[PDB]
Amino acid sequence: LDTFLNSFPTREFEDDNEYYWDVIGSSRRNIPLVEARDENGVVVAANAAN
Amino acid sequence: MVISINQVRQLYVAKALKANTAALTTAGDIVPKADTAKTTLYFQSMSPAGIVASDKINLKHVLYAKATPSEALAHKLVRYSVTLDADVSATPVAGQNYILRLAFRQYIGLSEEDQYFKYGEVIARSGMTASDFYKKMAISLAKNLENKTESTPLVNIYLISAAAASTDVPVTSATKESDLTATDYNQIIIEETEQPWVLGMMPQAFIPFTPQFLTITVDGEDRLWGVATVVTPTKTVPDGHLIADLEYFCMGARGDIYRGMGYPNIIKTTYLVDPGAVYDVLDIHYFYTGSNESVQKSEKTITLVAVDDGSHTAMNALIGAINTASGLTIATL
Amino acid sequence: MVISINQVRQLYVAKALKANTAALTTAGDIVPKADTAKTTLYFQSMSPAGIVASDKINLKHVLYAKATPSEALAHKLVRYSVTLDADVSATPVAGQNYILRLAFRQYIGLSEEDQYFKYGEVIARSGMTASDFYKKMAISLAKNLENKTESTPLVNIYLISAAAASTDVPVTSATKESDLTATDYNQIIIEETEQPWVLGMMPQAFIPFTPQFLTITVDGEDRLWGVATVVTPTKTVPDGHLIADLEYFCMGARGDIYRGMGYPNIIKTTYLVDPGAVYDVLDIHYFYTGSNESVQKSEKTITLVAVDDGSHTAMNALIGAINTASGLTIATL
Amino acid sequence: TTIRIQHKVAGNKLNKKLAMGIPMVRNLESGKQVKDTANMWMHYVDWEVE
Amino acid sequence: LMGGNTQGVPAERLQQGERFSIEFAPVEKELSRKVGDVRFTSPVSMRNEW
Amino acid sequence: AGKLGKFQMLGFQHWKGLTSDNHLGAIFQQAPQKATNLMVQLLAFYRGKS
């Protein structure tokens, strides 16, 4: 196990103070759908007409 | 939860409804005020730091004024149903590896290019019936997914029996084939979970998935064994955890936009909405038009959140008040 | 409200009482857990983020366990009763200017050197009465102490009619001698007013005051006209604001000490104390001693706060629980 | 075919500096968020419009 | 009560508001045990606008 | 749409269109300034050291 650990680099901090880092992500999206309604405010039902 | 604004949105909580400006004692209390001519409308809410008044609504500049109930803002947890397609076979075929694959679409990175795949595997034996496959497949899925090792709650694995057919018995990584003693199991439903929320820091989001399948061999033919089909949901994430960030954002217009940046040196804001209750909403959209040449509108919104437990009593009373004061005809829900 | 600790202090809100680790459904539910052989005691509390237990208490190494009621923590506001000295003169002097001085001791800064003086001046007139003088004096103090432009509230001032003898007549900077329609005013009360409060930023503090007088010529000699006297208080600041800061403090031992340093990059701690309530407190002092050389004590405290319905039901039930599980006797209040 | 776009911004955004509590990001075509030092708000508005 | 007081101290001196100050921590010449302690304070800040 | 670790403090925040200052504050890019040439030492005749 000692060797295994040595396979990893070490980093010198300055104290026992909690630390954090910034993680960058992605941008490209597509928005889910909650529901669809007719022109009179009535919902689709997955079995209704077009 | 940064939202988009039509030039501004304001929010005023309604924990109690009063008749006069002299009854505003406790915070959250609110009253609608309108002259007898019904030419202007404004709200007097009791802020934690004293009485305060909303902007003025030119009642002939009202664009839309509609209410929303709690049940129309609770995200319904979507859930598939996994089974054995009777075409390939209605019973497990001995010796074949049934490797299910749940693909997750919006994992950490807020996108569809941020994919994550969890799996579940089962090797079928001679006497293995469909009930035995479903549970063993469920335990396999629970171990991989119900991990508290996982940084996120991803899915809930449940089972259903032809006896009940509605009662869903749950399958956590703790359960074992001895705890699931029924012989008639029909499917494996998979709900999506609520993720952890933090107002102003962690908005309400979800991870969507689809249970893909891999190929077994049956007669020298590579063939999928399962069919995932969405089912009408049964559980919903209530509103409180969403209104809370709505007003956390819609209060920085009324007040401090630095909602904590130099921590000691700030104006701490007191937020009245409980993020653990449900609220109906009431949006009033209107605009300010100017004089001779300044006709360019300035559209505005006045959001109102009233706790509505059971029947929508509070918001209905509020609506009767605004309609009696402003002569409007907002619909009660 | 930074406080002194005997090497540690920890707080648990006892919103409910469940009698089983299974019934810990919602935050604030607490159960006292002690084996039948009463050697250890701890509390299973439901956190906003799951179950949690407190440090185990050796019933042999418990030093004091006591419950303190809400009224014990309610700061009675010091109120003086200033009248004019019947020795010098039972009535005002024809042409003298009576200048009452209120030296405030702990003004913005902490020290007793941070002094602040506020005055009330009244030039008397022939035919003037005592009641009429108290009237004018109180009104002058109002304009100086109960004004709206003052940075911080300083004192409340009242008037008492001999007919009433207990009712205190408020005198605000809006009041005027037309509103004070009486002739049997006996004195001027000057009461201590509650200062503001902020969770973790502005502890519940007060600024005290003594009334000092200037000297008038009564026959040919400078003399003092008034006698300032301390009478029993009748107002009390409730406990809600102390317990809240206590929790804002004692939860950094069980968790995050960086309450807000690092504004985007922080860990928010949900609290269960509503500063608009009145809690009864219960404190247990205990210690841990080691083996064969580590005999040095580690004194520790576990505090439990429960809301008082007026008769100490939550705490008394909590006391019965701890006493029947630990053999202790904590003197129900 | 014809296409339009638009983006409205208040006037105060002319030379508005950013505190950089969290690193400020510049959506790319690939979909990859990228860390940018620019402290002004129109730097990013321009980028997103184009 | 130190100082030689054997009559007592009247209640008039022991009522709400009586202000107490720290004088010193006296100890025995021989075999004295630990006494005393130290204390600290913090500053504040104010804010403006436009 | 989930936590990478368990000590992930923020989530990705996103909006369309007209950006206000509270939009920029809710994303931690608006902060109060610190005036260092400005300090207030409370006024008092300090009679310690007497």
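Reading the values: rules and limits
Residues numbered from 1 in each chain as written, not as in the entry; some residues may be left out. Chains lettered and ligands numbered in written order. Part of a larger assembly, values for the part shown. Heavy atoms only, no water. Helix = DSSP H or I, 4+ residues; strand = E, 2+ residues; numbered from the N terminus. Rg over C-alpha atoms; globule rule 2.2 N^0.38 Å. Buried < 20%, exposed > 50% of the residue type's maximum accessible area, 1.4 Å probe, protein only. Areas by Shrake-Rupley, 256 points an atom, 1.4 Å probe, with all protein chains shown as cover. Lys, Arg positive; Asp, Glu negative; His and termini not counted. Charge placed at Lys NZ, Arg CZ, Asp CG, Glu CD. Salt bridge = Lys/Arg side-chain N within 4 Å of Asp/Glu carboxyl O. Polar contact = N/O pair within 3.5 Å; in protein donor to acceptor, adjacent residues only side chain to side chain. Contact = heavy atoms within 4.5 Å. Buried area = accessible area lost by both parts, 1.4 Å probe. Nonpolar A, V, L, I, M, F, W, Y, C, P; charged D, E, K, R; others polar. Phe/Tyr/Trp six-rings, centres within 6.5 Å; stacked < 30°, edge-to-face > 60°. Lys NZ or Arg CZ within 6 Å of the ring centre and 35° of its normal. Pairing = 2+ DSSP bridges. Axes fitted to C-alpha atoms, helices over the stretch in contact; angles between N-to-C directions. Arc of directions from axis to C-beta. Expected span 1.5 Å × (residues − 1). Patch = residues over 30% accessible without salt bridge, like charges linked within 9 Å, V, L, I, M, F, W, Y side chains within 5 Å.

**Thoughts on the overall build of chain E**
Item 1. Helix and strand counts for chain E come out as 0 helices and 0 strands.
Item 2. Taken over the C-alpha trace, chain E has a radius of gyration of 20 Å; the compact-globule value for 50 residues is 10 Å, which it surpasses by more than 25%.
Item 3. When burial is assessed residue by residue, chain E has 0% of its 50 residues classed as buried.
Item 4. Taken as a whole, chain E presents about 5900 Å² of accessible surface, with 54% of it coming from carbon and sulfur.
Item 5. Here chain E contributes 7 positively and 7 negatively charged side chains, and the mean placements of these two sets differ by 4 Å.

**Focus: the overall build of chain F**
Item 1. Helices and strands together make up the secondary structure of chain F, namely 1 helix and 0 strands.
Item 2. Relative to its length of 50 residues, chain F is extended, with a C-alpha radius of gyration of 22 Å against a globular reference of 10 Å.
Item 3. Referenced to the eigenvectors of the C-alpha coordinate spread, the extents of chain F come out at roughly 65 × 35 × 15 Å.
Item 4. Relative to its 50 residues, chain F shows a buried fraction of 40%.

**Some points on the side chain of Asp256 of chain C**
Item 1. Within the fold, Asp256 of chain C resides in the loop between α2 (240-250) and β20 (279-288).
Item 2. At 5.5 Å, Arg259 of chain C is the nearest oppositely charged side chain to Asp256 of chain C, a buried residue that forms no salt bridge.
Item 3. A polar contact is formed between the side chain of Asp256 of chain C and the backbone nitrogen of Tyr258 of chain C, at a distance of 3.3 Å.
Item 4. In terms of polar contacts, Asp256 of chain C uses its side chain to reach the backbone amide nitrogen of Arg259 of chain C, at 3.3 Å.
Item 5. Those residues in contact with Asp256 of chain C that sit more than four places away from it in its chain are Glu18 of chain A together with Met251, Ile267 and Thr269 of chain C.

**Some remarks on the environment of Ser326 of chain C**
Residue and element names in this part refer to chain C.
Item 1. For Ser326, the location among the structural elements is in helix α3 (residues 313-326).
Item 2. Distance in space between the C-alpha atoms of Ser326 and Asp35 is 8.2 Å, their sequence separation being 291 residues.
Item 3. Sequence-distant contacts of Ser326, that is, excluding residues within four places in its chain, are made with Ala34, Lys38, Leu41 and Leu59.

**Focus on the interface of chain B and chain F**
Item 1. Every contact between the two is made by 30 residues of chain B and, on the other side, 27 residues of chain F.
Item 2. Across the interface of chain B and chain F, roughly 2500 Å² is buried in total on both sides, 66% from carbon and sulfur atoms.
Item 3. Joining chain B to chain F, the criterion identifies 0 salt bridges.
Item 4. In terms of residue class, the side of chain B that touches chain F is built from 19 nonpolar, 10 polar and 1 charged.

**Brief notes about the packing of aromatic side chains**
All names here are of chain B.
Item 1. A full pass over the atoms with the stated rule returns 23 aromatic pairs over all chains.
Item 2. Each ring, one from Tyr107 and one from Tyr116, has its centre 4.3 Å from the other, and the planes form 10 degrees; the classification is stacked.
Item 3. For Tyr116, a relative accessible area of 22% puts it in the partly exposed group.
Item 4. Three or more aromatic residues joined by ring pairs make a cluster, and in this case those are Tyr80, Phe104, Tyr107, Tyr116 and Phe209.
Item 5. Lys56 extends its terminal NZ or CZ atom over the ring of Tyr42, reaching a point 5.0 Å from the ring centre.

**A few points about the pattern of salt bridges**
Item 1. All told, the structure shown has 20 salt bridges over all chains when counted by the stated rule.
Item 2. Between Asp283 of chain C and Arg9 of chain C there is a salt bridge whose closest N-O contact spans 2.8 Å. In this pair, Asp283 of chain C is assigned in strand β20 and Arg9 of chain C in the segment before β1 (10-13), connecting sequence segments 274 residues apart.
Item 3. The partner of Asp21 of chain F in a salt bridge is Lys13 of chain D, and the shortest N-O contact between them spans 3.5 Å. One end of the pair, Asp21 of chain F, is in helix α1 (residues 21-25); the other, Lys13 of chain D, is in the segment before β1 (24-25), on a second chain. There is no split in this pair, since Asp21 of chain F and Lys13 of chain D are both buried.

**Side note on the pairing of strand β4 (residues 40-47) of chain B**
All names here are of chain B.
Item 1. Pairing of strand β3 (residues 29-33) with β4, which is carried by 4 bridges, proceeds in the antiparallel orientation. Looking across to β4, one finds that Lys33 is bridged to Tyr42.
Item 2. The antiparallel hairpin formed by β3 and β4 contains 6 residues in its connecting segment, where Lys38 sits at a positive phi of about 60 degrees.
Item 3. The sheet contact formed by β4 and strand β5 (residues 50-53) spans 4 bridges and is antiparallel. Residue pairing across strands places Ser45 opposite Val52, the latter belonging to β5.
Item 4. What sits between β4 and β5 in their antiparallel hairpin is a turn of 2 residues.

**Considering the arrangement of the chains**
Item 1. Among 13 pairs of chains with at least one contact, chains B and F form the most extensive contact set.
Item 2. Nowhere do chain A and chain E come into contact; their C-alpha atoms are at least 22 Å apart.
Item 3. Taking C-alpha atoms as the reference, chain D and chain E come no closer than 14 Å and do not contact one another.

**Brief notes about the sheet that holds strand β11 (residues 116-123) of chain C**
All names here are of chain C.
Item 1. Here we have 3 strands laid out as an open sheet, ordered β11-β10-β15, and antiparallel in their pairing. Looking along the sheet, the strands with just one partner apiece sit at the ends: β11 and β15 (209-213). On average, adjacent strands in this sheet sit at an angle of 20 degrees to one another, irrespective of strand direction.
Item 2. With 8 bridges connecting them, strand β10 (residues 97-104) and β11 associate as antiparallel partners. Counterpart to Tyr98 in the pairing with β11 is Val122.

**Quick notes on helix α1 (residues 41-49) of chain D**
An α-helix turns once per 3.6 residues; consequently, residues spaced three or four apart project the same way.
Item 1. Listed as buried for α1 of chain D are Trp41, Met42, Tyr44 and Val45 of chain D. Burial along α1 of chain D is one-sided: seen end-on, the buried residues are contained in an arc of 155 degrees.
Item 2. The inward-facing, buried residues of α1 of chain D contact β1 and β2 (35-36) of chain D together with α1 of chain F.

**Structural notes on helix α3 (residues 313-326) of chain B**
All names here are of chain B.
Item 1. The end-to-end C-alpha distance of α3, which contains 14 residues, comes to 20 Å, matching closely the 20 Å that a straight helix rising 1.5 Å per residue would cover.
Item 2. Along α3, the residues classified as buried are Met315, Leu318, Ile319, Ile322, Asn323, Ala325 and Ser326. The buried residues of α3 occupy one face: seen down the axis, they fall within an arc of 165 degrees. Exposed residues on α3 whose side chains face more than 90 degrees from its buried face are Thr313 and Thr324.
Item 3. Among the structural elements, β2 (16-17), β3, β4, β7 (62-68), β20 (279-287) and β21 (299-307) are those in contact with the buried residues of α3.
Item 4. With its phi angle positive at about 65 degrees, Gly327 sits one or two positions after the end of α3.

**Re a nonpolar patch on the surface**
Item 1. A grouping of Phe13, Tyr19, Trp21 and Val23 of chain A together with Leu4 of chain F is seen on the molecular surface, where their side chains present a nonpolar patch of about 590 Å² in accessible area.
Item 2. Relative to the helices and strands, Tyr19 of chain A resides in the segment after α1 (2-6).
Item 3. Relative accessible area serves as the criterion here: at 52%, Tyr19 of chain A is assigned to the exposed category.

**Focus on the sheet that holds strand β11 (residues 116-120) of chain B**
Residue and element names in this part refer to chain B.
Item 1. Read across the sheet, 3 strands follow the order β11-β10-β15 without closing on themselves; strand pairing throughout is antiparallel. On the outer flanks of this sheet lie β11 and β15 (209-213), each paired with one strand and no other. Taken pair by pair, the neighbouring strands of this sheet meet at an average axis angle of 25 degrees, ignoring direction.
Item 2. Direction of pairing for strand β10 (residues 100-104) relative to β11: antiparallel, over a ladder of 5 bridges. Across the sheet, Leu100 pairs through a bridge with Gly120, a residue of β11.
Item 3. Of the strands in this sheet, β10 and β11 are in contact with helix α1 (residues 130-145), which crosses β11 at around 140 degrees.

**Regarding the environment of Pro238 of chain B**
Residues and elements named next belong to chain B.
Item 1. Turning to its location among the elements, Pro238 is positioned in the loop between β19 (236-237) and α2 (240-254).
Item 2. Overall, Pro238 belongs to the partly exposed group, its relative accessible area being 39%.
Item 3. For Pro238 and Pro275, which are 37 residues apart along the polypeptide, the C-alpha to C-alpha distance reads 9.7 Å.
Item 4. Those residues in contact with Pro238 that lie beyond four places of it in its chain are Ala74, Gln204 and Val278.

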